[PDB]
$ cat model_28.pdb   # PDB, C-alpha atoms and all ligand atoms
ATOM      1  CA  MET V   1      88.179  90.778  97.079  1.00  0.00           C
ATOM      2  CA  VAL V   2      89.588  89.692 100.412  1.00  0.00           C
ATOM      3  CA  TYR V   3      92.590  91.557 101.834  1.00  0.00           C
ATOM      4  CA  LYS V   4      94.993  89.814 104.164  1.00  0.00           C
ATOM      5  CA  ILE V   5      97.677  91.395 106.351  1.00  0.00           C
ATOM      6  CA  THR V   6     100.211  89.005 107.855  1.00  0.00           C
ATOM      7  CA  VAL V   7     102.134  90.499 110.781  1.00  0.00           C
ATOM      8  CA  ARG V   8     105.479  89.358 112.214  1.00  0.00           C
ATOM      9  CA  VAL V   9     106.486  90.767 115.580  1.00  0.00           C
ATOM     10  CA  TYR V  10     110.185  91.463 116.198  1.00  0.00           C
ATOM     11  CA  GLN V  11     111.208  92.280 119.756  1.00  0.00           C
ATOM     12  CA  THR V  12     114.729  93.578 119.765  1.00  0.00           C
ATOM     13  CA  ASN V  13     115.255  94.901 123.297  1.00  0.00           C
ATOM     14  CA  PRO V  14     115.574  92.531 126.311  1.00  0.00           C
ATOM     15  CA  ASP V  15     114.810  95.399 128.777  1.00  0.00           C
ATOM     16  CA  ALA V  16     111.099  94.556 128.153  1.00  0.00           C
ATOM     17  CA  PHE V  17     108.842  91.766 126.918  1.00  0.00           C
ATOM     18  CA  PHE V  18     105.575  92.599 125.187  1.00  0.00           C
ATOM     19  CA  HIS V  19     102.767  90.238 124.520  1.00  0.00           C
ATOM     20  CA  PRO V  20      99.492  90.598 122.690  1.00  0.00           C
ATOM     21  CA  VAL V  21      96.523  91.267 125.008  1.00  0.00           C
ATOM     22  CA  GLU V  22      93.728  92.187 122.583  1.00  0.00           C
ATOM     23  CA  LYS V  23      92.905  91.698 118.893  1.00  0.00           C
ATOM     24  CA  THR V  24      89.956  93.556 117.420  1.00  0.00           C
ATOM     25  CA  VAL V  25      88.332  93.713 113.991  1.00  0.00           C
ATOM     26  CA  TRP V  26      86.407  96.744 112.736  1.00  0.00           C
ATOM     27  CA  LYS V  27      82.885  96.239 111.409  1.00  0.00           C
ATOM     28  CA  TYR V  28      83.180  97.650 107.878  1.00  0.00           C
ATOM     29  CA  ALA V  29      83.684  95.639 104.691  1.00  0.00           C
ATOM     30  CA  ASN V  30      82.067  92.492 106.172  1.00  0.00           C
ATOM     31  CA  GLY V  31      84.573  92.515 109.025  1.00  0.00           C
ATOM     32  CA  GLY V  32      87.254  89.880 109.203  1.00  0.00           C
ATOM     33  CA  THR V  33      89.324  87.719 111.515  1.00  0.00           C
ATOM     34  CA  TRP V  34      92.584  87.669 113.406  1.00  0.00           C
ATOM     35  CA  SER V  35      94.218  84.248 113.285  1.00  0.00           C
ATOM     36  CA  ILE V  36      97.688  82.809 113.970  1.00  0.00           C
ATOM     37  CA  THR V  37      99.826  80.871 111.493  1.00  0.00           C
ATOM     38  CA  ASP V  38     103.403  79.932 112.475  1.00  0.00           C
ATOM     39  CA  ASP V  39     103.487  82.644 115.185  1.00  0.00           C
ATOM     40  CA  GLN V  40     102.332  85.331 112.656  1.00  0.00           C
ATOM     41  CA  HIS V  41      99.202  87.379 113.293  1.00  0.00           C
ATOM     42  CA  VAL V  42      97.001  87.169 110.200  1.00  0.00           C
ATOM     43  CA  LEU V  43      94.233  89.732 109.674  1.00  0.00           C
ATOM     44  CA  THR V  44      91.837  88.604 106.924  1.00  0.00           C
ATOM     45  CA  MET V  45      89.279  91.214 105.896  1.00  0.00           C
ATOM     46  CA  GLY V  46      86.211  90.900 103.703  1.00  0.00           C
ATOM     47  CA  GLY V  47      87.326  93.691 101.378  1.00  0.00           C
ATOM     48  CA  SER V  48      88.901  97.137 101.386  1.00  0.00           C
ATOM     49  CA  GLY V  49      87.775  99.666 104.004  1.00  0.00           C
ATOM     50  CA  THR V  50      88.285  98.022 107.393  1.00  0.00           C
ATOM     51  CA  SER V  51      91.133  97.253 109.816  1.00  0.00           C
ATOM     52  CA  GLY V  52      92.124  95.417 112.954  1.00  0.00           C
ATOM     53  CA  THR V  53      94.060  96.421 116.061  1.00  0.00           C
ATOM     54  CA  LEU V  54      96.572  94.452 118.091  1.00  0.00           C
ATOM     55  CA  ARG V  55      97.257  95.765 121.604  1.00  0.00           C
ATOM     56  CA  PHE V  56     100.506  94.740 123.315  1.00  0.00           C
ATOM     57  CA  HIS V  57     101.416  94.992 126.979  1.00  0.00           C
ATOM     58  CA  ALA V  58     104.798  94.638 128.724  1.00  0.00           C
ATOM     59  CA  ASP V  59     104.968  93.512 132.343  1.00  0.00           C
ATOM     60  CA  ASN V  60     106.852  96.775 133.075  1.00  0.00           C
ATOM     61  CA  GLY V  61     103.621  98.757 132.331  1.00  0.00           C
ATOM     62  CA  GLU V  62     104.342  99.854 128.739  1.00  0.00           C
ATOM     63  CA  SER V  63     101.693  99.299 126.093  1.00  0.00           C
ATOM     64  CA  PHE V  64     100.745 100.254 122.594  1.00  0.00           C
ATOM     65  CA  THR V  65      98.394  99.464 119.772  1.00  0.00           C
ATOM     66  CA  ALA V  66      99.313  98.519 116.204  1.00  0.00           C
ATOM     67  CA  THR V  67      96.495  98.919 113.707  1.00  0.00           C
ATOM     68  CA  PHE V  68      96.563  97.586 110.147  1.00  0.00           C
ATOM     69  CA  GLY V  69      93.969  98.055 107.418  1.00  0.00           C
ATOM     70  CA  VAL V  70      93.127  98.828 103.826  1.00  0.00           C
ATOM     71  CA  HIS V  71      91.663 102.139 102.724  1.00  0.00           C
ATOM     72  CA  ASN V  72      90.587 102.595  99.095  1.00  0.00           C
ATOM     73  CA  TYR V  73      92.560  99.466  98.229  1.00  0.00           C
ATOM     74  CA  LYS V  74      95.858 100.720  99.753  1.00  0.00           C
ATOM     75  CA  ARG V  75      97.333  99.493 103.008  1.00  0.00           C
ATOM     76  CA  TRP V  76      97.530 101.699 106.044  1.00  0.00           C
ATOM     77  CA  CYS V  77      98.925 101.461 109.523  1.00  0.00           C
ATOM     78  CA  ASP V  78      99.253 103.351 112.760  1.00  0.00           C
ATOM     79  CA  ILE V  79     100.691 102.953 116.264  1.00  0.00           C
ATOM     80  CA  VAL V  80      99.297 104.574 119.389  1.00  0.00           C
ATOM     81  CA  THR V  81     101.441 104.536 122.567  1.00  0.00           C
ATOM     82  CA  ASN V  82     101.149 106.080 126.101  1.00  0.00           C
ATOM     83  CA  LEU V  83      97.691 104.493 126.367  1.00  0.00           C
ATOM     84  CA  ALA V  84      95.282 105.458 129.145  1.00  0.00           C
ATOM     85  CA  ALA V  85      93.783 102.638 131.242  1.00  0.00           C
ATOM     86  CA  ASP V  86      90.431 103.180 129.409  1.00  0.00           C
ATOM     87  CA  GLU V  87      92.051 103.097 125.940  1.00  0.00           C
ATOM     88  CA  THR V  88      91.640  99.419 125.176  1.00  0.00           C
ATOM     89  CA  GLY V  89      92.267  98.055 121.665  1.00  0.00           C
ATOM     90  CA  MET V  90      88.561  98.161 120.774  1.00  0.00           C
ATOM     91  CA  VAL V  91      88.428 101.856 121.764  1.00  0.00           C
ATOM     92  CA  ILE V  92      91.457 102.691 119.602  1.00  0.00           C
ATOM     93  CA  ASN V  93      90.276 100.651 116.608  1.00  0.00           C
ATOM     94  CA  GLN V  94      86.919 102.440 116.476  1.00  0.00           C
ATOM     95  CA  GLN V  95      88.643 105.853 116.695  1.00  0.00           C
ATOM     96  CA  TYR V  96      90.093 105.393 113.194  1.00  0.00           C
ATOM     97  CA  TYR V  97      86.516 106.017 111.958  1.00  0.00           C
ATOM     98  CA  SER V  98      85.483 108.799 114.379  1.00  0.00           C
ATOM     99  CA  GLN V  99      88.477 110.799 115.731  1.00  0.00           C
ATOM    100  CA  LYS V 100      90.068 113.264 113.285  1.00  0.00           C
ATOM    101  CA  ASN V 101      93.752 112.622 113.951  1.00  0.00           C
ATOM    102  CA  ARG V 102      93.217 108.831 113.693  1.00  0.00           C
ATOM    103  CA  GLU V 103      91.099 109.101 110.540  1.00  0.00           C
ATOM    104  CA  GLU V 104      93.852 111.247 108.957  1.00  0.00           C
ATOM    105  CA  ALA V 105      96.467 108.623 109.863  1.00  0.00           C
ATOM    106  CA  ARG V 106      94.377 105.953 108.132  1.00  0.00           C
ATOM    107  CA  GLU V 107      93.882 108.213 105.115  1.00  0.00           C
ATOM    108  CA  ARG V 108      97.657 108.603 104.736  1.00  0.00           C
ATOM    109  CA  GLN V 109      97.786 104.974 103.529  1.00  0.00           C
ATOM    110  CA  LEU V 110     101.241 104.476 105.050  1.00  0.00           C
ATOM    111  CA  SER V 111     103.400 101.501 104.100  1.00  0.00           C
ATOM    112  CA  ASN V 112     105.504 102.319 107.150  1.00  0.00           C
ATOM    113  CA  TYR V 113     105.127 104.213 110.365  1.00  0.00           C
ATOM    114  CA  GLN V 114     107.097 104.677 113.561  1.00  0.00           C
ATOM    115  CA  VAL V 115     106.637 106.521 116.825  1.00  0.00           C
ATOM    116  CA  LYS V 116     108.249 106.559 120.277  1.00  0.00           C
ATOM    117  CA  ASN V 117     106.506 106.387 123.612  1.00  0.00           C
ATOM    118  CA  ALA V 118     107.197 108.651 126.624  1.00  0.00           C
ATOM    119  CA  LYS V 119     110.073 106.366 127.730  1.00  0.00           C
ATOM    120  CA  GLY V 120     111.788 106.712 124.336  1.00  0.00           C
ATOM    121  CA  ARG V 121     111.015 103.204 123.056  1.00  0.00           C
ATOM    122  CA  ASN V 122     110.572 103.039 119.297  1.00  0.00           C
ATOM    123  CA  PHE V 123     107.786 101.095 117.625  1.00  0.00           C
ATOM    124  CA  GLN V 124     107.702 100.614 113.847  1.00  0.00           C
ATOM    125  CA  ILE V 125     105.463  99.010 111.223  1.00  0.00           C
ATOM    126  CA  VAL V 126     107.006  98.239 107.846  1.00  0.00           C
ATOM    127  CA  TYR V 127     105.094  96.524 105.068  1.00  0.00           C
ATOM    128  CA  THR V 128     107.508  94.203 103.286  1.00  0.00           C
ATOM    129  CA  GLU V 129     104.746  93.205 100.877  1.00  0.00           C
ATOM    130  CA  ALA V 130     103.073  96.563 100.468  1.00  0.00           C
ATOM    131  CA  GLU V 131     100.843  96.233  97.377  1.00  0.00           C
ATOM    132  CA  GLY V 132      97.978  93.997  96.372  1.00  0.00           C
ATOM    133  CA  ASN V 133      95.732  91.699  98.398  1.00  0.00           C
ATOM    134  CA  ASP V 134      98.296  89.675 100.279  1.00  0.00           C
ATOM    135  CA  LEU V 135     100.080  92.181 102.487  1.00  0.00           C
ATOM    136  CA  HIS V 136     102.892  91.401 104.929  1.00  0.00           C
ATOM    137  CA  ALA V 137     104.173  93.700 107.684  1.00  0.00           C
ATOM    138  CA  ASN V 138     106.858  93.664 110.337  1.00  0.00           C
ATOM    139  CA  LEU V 139     106.053  95.150 113.709  1.00  0.00           C
ATOM    140  CA  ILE V 140     109.450  96.001 115.200  1.00  0.00           C
ATOM    141  CA  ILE V 141     109.648  96.857 118.906  1.00  0.00           C
ATOM    142  CA  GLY V 142     112.719  98.777 120.038  1.00  0.00           C
TER     143      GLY V 142
HETATM  144  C1  LIG Y 201     102.973 108.858 120.900  1.00  0.00           C
HETATM  145  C2  LIG Y 201     101.742 108.410 120.171  1.00  0.00           C
HETATM  146  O1  LIG Y 201     101.140 107.376 120.433  1.00  0.00           O
HETATM  147  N1  LIG Y 201     101.357 109.247 119.215  1.00  0.00           N
HETATM  148  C3  LIG Y 201     100.221 109.076 118.317  1.00  0.00           C
HETATM  149  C4  LIG Y 201     100.521 108.668 116.874  1.00  0.00           C
HETATM  150  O2  LIG Y 201     101.514 107.636 116.841  1.00  0.00           O
HETATM  151  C5  LIG Y 201      99.272 108.282 116.100  1.00  0.00           C
HETATM  152  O3  LIG Y 201      99.575 108.488 114.717  1.00  0.00           O
HETATM  153  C6  LIG Y 201      98.064 109.141 116.471  1.00  0.00           C
HETATM  154  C7  LIG Y 201      96.895 109.203 115.495  1.00  0.00           C
HETATM  155  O4  LIG Y 201      96.206 107.955 115.648  1.00  0.00           O
HETATM  156  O5  LIG Y 201      97.817 109.524 117.823  1.00  0.00           O
HETATM  157  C8  LIG Y 201      98.966 109.883 118.608  1.00  0.00           C
HETATM  158  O6  LIG Y 201      99.330 111.216 118.260  1.00  0.00           O
END
$ encode --input "model_28.pdb" --output "C-alpha cells"
Amino acid sequence: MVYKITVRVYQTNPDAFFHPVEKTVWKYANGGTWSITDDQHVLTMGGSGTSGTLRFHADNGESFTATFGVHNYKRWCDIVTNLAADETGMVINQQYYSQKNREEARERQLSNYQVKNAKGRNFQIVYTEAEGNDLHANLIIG
C-alpha cells in the first residue's frame, strides 16, 4: 500500500529565512514523488521501505536536511545540520541506506526528532498523524 507523508514547515524565528533547495526520493519500494498541496510538501511512496529528503538553505549560510520515510510500516525521520558543501540532499538521502549512524536513525522509527546546529538553532520534526498510511508531520525551525 502507498504511504504518504504530508509536511508543514513552521518558521518561528525572524533572524533567518529558510527555503527548500532540494527534494529527493530514494529508490526502494518503487520510489515516490514530492509534490506540493496548499504549501505542504507531500511525499508519496510506493510502499514501506523508502524515504525522501528535503534540504533547506537560509541566505545567512545555515542549512539542514529533513528526511521522512517508512521502515517496516512505521514512520521515521531524521535531521542533519552543519552540512558540508558536498553534502547535498541526494547524498544525505542515500546515506540512510549505507552509513551506520544514519541507518540506525532510520531504524529507530521516530515519530519525533530534534537537533541543534552549531549556531544553536533548533530543528524539530513531529508527526501529528503518526500511524497508518496517511502520515502528517510538522517541521519546526527555531
Ligand atoms: C548536528 C547534526 O546534524 N547531527 C546529526 C543527527 O541529527 C543525525 O541523527 C545523524 C544521523 O543521521 O547525524 C548527525 O549526528
$ residues_around --input "model_28.pdb" --residues "residue 39 in chain V" --least-positions-apart "2" --cutoff "9 Å" --atoms "only C-alpha atoms" --output "PyMOL selection string"
chain V and resi 8-9+36-37+41
$ closest_residue --input "model_28.pdb" --among "V:40, V:13, V:117, V:67" --to "residue 96 in chain V" --atoms "only C-alpha atoms"
V:67
$ resolve_selection --input "model_28.pdb" --expression "the PyMOL selection byres (((chain V and resi 83) around 10) and not hetatm)" --output "count of residues only"
16
$ residues_near_ligand --input "model_28.pdb" --ligand "ligand LIG 201 (chain Y)" --cutoff "12 Å" --atoms "all atoms listed in the file" --output "compact mmCIF listing (two decimals) with C-alpha atoms, in the frame of the given file"
# COMPACT_ATOMS: atom_id res chain seq x y z
CA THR V 53 94.06 96.42 116.06
CA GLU V 62 104.34 99.85 128.74
CA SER V 63 101.69 99.30 126.09
CA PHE V 64 100.74 100.25 122.59
CA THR V 65 98.39 99.46 119.77
CA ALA V 66 99.31 98.52 116.20
CA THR V 67 96.50 98.92 113.71
CA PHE V 68 96.56 97.59 110.15
CA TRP V 76 97.53 101.70 106.04
CA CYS V 77 98.92 101.46 109.52
CA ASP V 78 99.25 103.35 112.76
CA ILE V 79 100.69 102.95 116.26
CA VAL V 80 99.30 104.57 119.39
CA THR V 81 101.44 104.54 122.57
CA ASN V 82 101.15 106.08 126.10
CA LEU V 83 97.69 104.49 126.37
CA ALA V 84 95.28 105.46 129.15
CA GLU V 87 92.05 103.10 125.94
CA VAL V 91 88.43 101.86 121.76
CA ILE V 92 91.46 102.69 119.60
CA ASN V 93 90.28 100.65 116.61
CA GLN V 94 86.92 102.44 116.48
CA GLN V 95 88.64 105.85 116.70
CA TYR V 96 90.09 105.39 113.19
CA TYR V 97 86.52 106.02 111.96
CA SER V 98 85.48 108.80 114.38
CA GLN V 99 88.48 110.80 115.73
CA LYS V 100 90.07 113.26 113.28
CA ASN V 101 93.75 112.62 113.95
CA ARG V 102 93.22 108.83 113.69
CA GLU V 103 91.10 109.10 110.54
CA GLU V 104 93.85 111.25 108.96
CA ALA V 105 96.47 108.62 109.86
CA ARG V 106 94.38 105.95 108.13
CA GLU V 107 93.88 108.21 105.12
CA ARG V 108 97.66 108.60 104.74
CA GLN V 109 97.79 104.97 103.53
CA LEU V 110 101.24 104.48 105.05
CA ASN V 112 105.50 102.32 107.15
CA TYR V 113 105.13 104.21 110.36
CA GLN V 114 107.10 104.68 113.56
CA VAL V 115 106.64 106.52 116.82
CA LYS V 116 108.25 106.56 120.28
CA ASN V 117 106.51 106.39 123.61
CA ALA V 118 107.20 108.65 126.62
CA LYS V 119 110.07 106.37 127.73
CA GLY V 120 111.79 106.71 124.34
CA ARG V 121 111.02 103.20 123.06
CA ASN V 122 110.57 103.04 119.30
CA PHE V 123 107.79 101.10 117.62
CA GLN V 124 107.70 100.61 113.85
CA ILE V 125 105.46 99.01 111.22
$ residues_near_point --input "model_28.pdb" --point "(110.2, 94.6, 126.6)" --cutoff "9 Å" --atoms "all atoms listed in the file" --output "list in words"
residues 11, 12, 13, 14, 15, 16, 17, 18, 19, 57, 58, 59, 60, 62, 141 and 142 of chain V
$ atom_distance --input "model_28.pdb" --atom1 "CA of residue 132 in chain V" --atom2 "CA of residue 27 in chain V"
21.4 Å
$ closest_residue --input "model_28.pdb" --among "V:35, V:3, V:42, V:90" --to "residue 71 in chain V" --atoms "all atoms listed in the file"
V:3
$ closest_residue --input "model_28.pdb" --among "V:111, V:69, V:10, V:140" --to "residue 127 in chain V" --atoms "all atoms listed in the file"
V:111
$ atom_distance --input "model_28.pdb" --atom1 "CA of residue 45 in chain V" --atom2 "CA of residue 129 in chain V"
16.4 Å
$ axis_aligned_box --input "model_28.pdb" --around "range 108-126 of chain V" --padding-each-side "3 Å" --output "lines of an AutoDock Vina configuration file"
center_x = 104.7
center_y = 103.4
center_z = 115.6
size_x = 20.1
size_y = 16.4
size_z = 30.2
$ resolve_selection --input "model_28.pdb" --expression "the PyMOL selection byres (((chain V and resi 135) around 9) and not hetatm)" --output "list in words"
residues 3, 4, 5, 6, 7, 75, 127, 128, 129, 130, 131, 132, 133, 134, 136 and 137 of chain V
$ atom_distance --input "model_28.pdb" --atom1 "CA of residue 2 in chain V" --atom2 "CA of residue 44 in chain V"
7.0 Å
$ residues_around --input "model_28.pdb" --residues "residue 49 in chain V" --least-positions-apart "6" --cutoff "9 Å" --atoms "only C-alpha atoms" --output "ChimeraX atom specification"
/V:28-29,69-73
$ write_last_selection --input "model_28.pdb" --atoms "C-alpha atoms" --output "PDB file, keeping the file's coordinate frame"
ATOM      1  CA  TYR V  28      83.180  97.650 107.878  1.00  0.00           C
ATOM      2  CA  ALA V  29      83.684  95.639 104.691  1.00  0.00           C
ATOM      3  CA  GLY V  69      93.969  98.055 107.418  1.00  0.00           C
ATOM      4  CA  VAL V  70      93.127  98.828 103.826  1.00  0.00           C
ATOM      5  CA  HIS V  71      91.663 102.139 102.724  1.00  0.00           C
ATOM      6  CA  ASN V  72      90.587 102.595  99.095  1.00  0.00           C
ATOM      7  CA  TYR V  73      92.560  99.466  98.229  1.00  0.00           C
TER       8      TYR V  73
END
$ closest_residue --input "model_28.pdb" --among "V:74, V:126, V:54, V:138" --to "residue 23 in chain V" --atoms "all atoms listed in the file"
V:54
$ resolve_selection --input "model_28.pdb" --expression "the PyMOL selection byres (((chain V and resi 26) around 6) and not hetatm)" --output "PyMOL selection string"
chain V and resi 25+27-28+31+50-52
$ write_last_selection --input "model_28.pdb" --atoms "C-alpha atoms" --output "mmCIF file, in the frame of the given file"
data_model
loop_
_atom_site.group_PDB
_atom_site.id
_atom_site.type_symbol
_atom_site.label_atom_id
_atom_site.label_comp_id
_atom_site.auth_asym_id
_atom_site.auth_seq_id
_atom_site.Cartn_x
_atom_site.Cartn_y
_atom_site.Cartn_z
ATOM 1 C CA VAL V 25 88.332 93.713 113.991
ATOM 2 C CA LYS V 27 82.885 96.239 111.409
ATOM 3 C CA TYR V 28 83.180 97.650 107.878
ATOM 4 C CA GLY V 31 84.573 92.515 109.025
ATOM 5 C CA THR V 50 88.285 98.022 107.393
ATOM 6 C CA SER V 51 91.133 97.253 109.816
ATOM 7 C CA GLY V 52 92.124 95.417 112.954
#
$ build_atoms --input "model_28.pdb" --residues "range 81-105 of chain V" --atoms "N, CA and C atoms" --output "PDB file, in the coordinates of the input"
ATOM      1  N   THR V  81     100.699 104.870 121.351  1.00  0.00           N
ATOM      2  CA  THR V  81     101.441 104.536 122.567  1.00  0.00           C
ATOM      3  C   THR V  81     100.915 105.408 123.730  1.00  0.00           C
ATOM      4  N   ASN V  82     101.525 105.270 124.909  1.00  0.00           N
ATOM      5  CA  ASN V  82     101.149 106.080 126.101  1.00  0.00           C
ATOM      6  C   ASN V  82      99.652 105.936 126.439  1.00  0.00           C
ATOM      7  N   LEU V  83      99.133 104.720 126.287  1.00  0.00           N
ATOM      8  CA  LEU V  83      97.691 104.493 126.367  1.00  0.00           C
ATOM      9  C   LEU V  83      97.171 104.716 127.792  1.00  0.00           C
ATOM     10  N   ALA V  84      96.052 105.415 127.905  1.00  0.00           N
ATOM     11  CA  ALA V  84      95.282 105.458 129.145  1.00  0.00           C
ATOM     12  C   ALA V  84      94.699 104.076 129.490  1.00  0.00           C
ATOM     13  N   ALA V  85      94.351 103.901 130.763  1.00  0.00           N
ATOM     14  CA  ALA V  85      93.783 102.638 131.242  1.00  0.00           C
ATOM     15  C   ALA V  85      92.435 102.322 130.575  1.00  0.00           C
ATOM     16  N   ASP V  86      91.693 103.359 130.177  1.00  0.00           N
ATOM     17  CA  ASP V  86      90.431 103.180 129.409  1.00  0.00           C
ATOM     18  C   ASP V  86      90.566 103.242 127.864  1.00  0.00           C
ATOM     19  N   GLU V  87      91.795 103.215 127.366  1.00  0.00           N
ATOM     20  CA  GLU V  87      92.051 103.097 125.940  1.00  0.00           C
ATOM     21  C   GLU V  87      92.417 101.663 125.627  1.00  0.00           C
ATOM     22  N   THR V  88      91.411 100.803 125.593  1.00  0.00           N
ATOM     23  CA  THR V  88      91.640  99.419 125.176  1.00  0.00           C
ATOM     24  C   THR V  88      91.728  99.385 123.648  1.00  0.00           C
ATOM     25  N   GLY V  89      92.145  98.244 123.103  1.00  0.00           N
ATOM     26  CA  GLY V  89      92.267  98.055 121.665  1.00  0.00           C
ATOM     27  C   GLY V  89      90.970  98.333 120.905  1.00  0.00           C
ATOM     28  N   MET V  90      89.836  97.914 121.457  1.00  0.00           N
ATOM     29  CA  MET V  90      88.561  98.161 120.774  1.00  0.00           C
ATOM     30  C   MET V  90      88.221  99.655 120.736  1.00  0.00           C
ATOM     31  N   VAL V  91      88.632 100.401 121.760  1.00  0.00           N
ATOM     32  CA  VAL V  91      88.428 101.856 121.764  1.00  0.00           C
ATOM     33  C   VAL V  91      89.259 102.529 120.649  1.00  0.00           C
ATOM     34  N   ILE V  92      90.538 102.191 120.613  1.00  0.00           N
ATOM     35  CA  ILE V  92      91.457 102.691 119.602  1.00  0.00           C
ATOM     36  C   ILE V  92      90.991 102.336 118.190  1.00  0.00           C
ATOM     37  N   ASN V  93      90.637 101.074 117.959  1.00  0.00           N
ATOM     38  CA  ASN V  93      90.276 100.651 116.608  1.00  0.00           C
ATOM     39  C   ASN V  93      89.105 101.464 116.055  1.00  0.00           C
ATOM     40  N   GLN V  94      88.089 101.656 116.886  1.00  0.00           N
ATOM     41  CA  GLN V  94      86.919 102.440 116.476  1.00  0.00           C
ATOM     42  C   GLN V  94      87.257 103.913 116.188  1.00  0.00           C
ATOM     43  N   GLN V  95      88.248 104.454 116.885  1.00  0.00           N
ATOM     44  CA  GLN V  95      88.643 105.853 116.695  1.00  0.00           C
ATOM     45  C   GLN V  95      89.184 106.170 115.317  1.00  0.00           C
ATOM     46  N   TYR V  96      89.658 105.158 114.585  1.00  0.00           N
ATOM     47  CA  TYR V  96      90.093 105.393 113.194  1.00  0.00           C
ATOM     48  C   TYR V  96      88.947 105.763 112.235  1.00  0.00           C
ATOM     49  N   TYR V  97      87.710 105.679 112.722  1.00  0.00           N
ATOM     50  CA  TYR V  97      86.516 106.017 111.958  1.00  0.00           C
ATOM     51  C   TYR V  97      85.651 107.051 112.666  1.00  0.00           C
ATOM     52  N   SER V  98      86.195 107.703 113.690  1.00  0.00           N
ATOM     53  CA  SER V  98      85.483 108.799 114.379  1.00  0.00           C
ATOM     54  C   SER V  98      86.345 110.004 114.805  1.00  0.00           C
ATOM     55  N   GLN V  99      87.594 109.770 115.192  1.00  0.00           N
ATOM     56  CA  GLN V  99      88.477 110.799 115.731  1.00  0.00           C
ATOM     57  C   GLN V  99      89.420 111.327 114.644  1.00  0.00           C
ATOM     58  N   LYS V 100      89.409 112.644 114.443  1.00  0.00           N
ATOM     59  CA  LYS V 100      90.068 113.264 113.285  1.00  0.00           C
ATOM     60  C   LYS V 100      91.523 112.845 113.082  1.00  0.00           C
ATOM     61  N   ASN V 101      92.349 112.934 114.118  1.00  0.00           N
ATOM     62  CA  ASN V 101      93.752 112.622 113.951  1.00  0.00           C
ATOM     63  C   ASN V 101      93.973 111.155 113.542  1.00  0.00           C
ATOM     64  N   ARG V 102      93.125 110.256 114.043  1.00  0.00           N
ATOM     65  CA  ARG V 102      93.217 108.831 113.693  1.00  0.00           C
ATOM     66  C   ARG V 102      92.733 108.583 112.268  1.00  0.00           C
ATOM     67  N   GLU V 103      91.626 109.224 111.894  1.00  0.00           N
ATOM     68  CA  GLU V 103      91.099 109.101 110.540  1.00  0.00           C
ATOM     69  C   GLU V 103      92.132 109.596 109.511  1.00  0.00           C
ATOM     70  N   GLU V 104      92.795 110.706 109.826  1.00  0.00           N
ATOM     71  CA  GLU V 104      93.852 111.247 108.957  1.00  0.00           C
ATOM     72  C   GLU V 104      95.022 110.285 108.819  1.00  0.00           C
ATOM     73  N   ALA V 105      95.391 109.621 109.918  1.00  0.00           N
ATOM     74  CA  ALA V 105      96.467 108.623 109.863  1.00  0.00           C
ATOM     75  C   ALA V 105      96.099 107.489 108.916  1.00  0.00           C
TER      76      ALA V 105
END
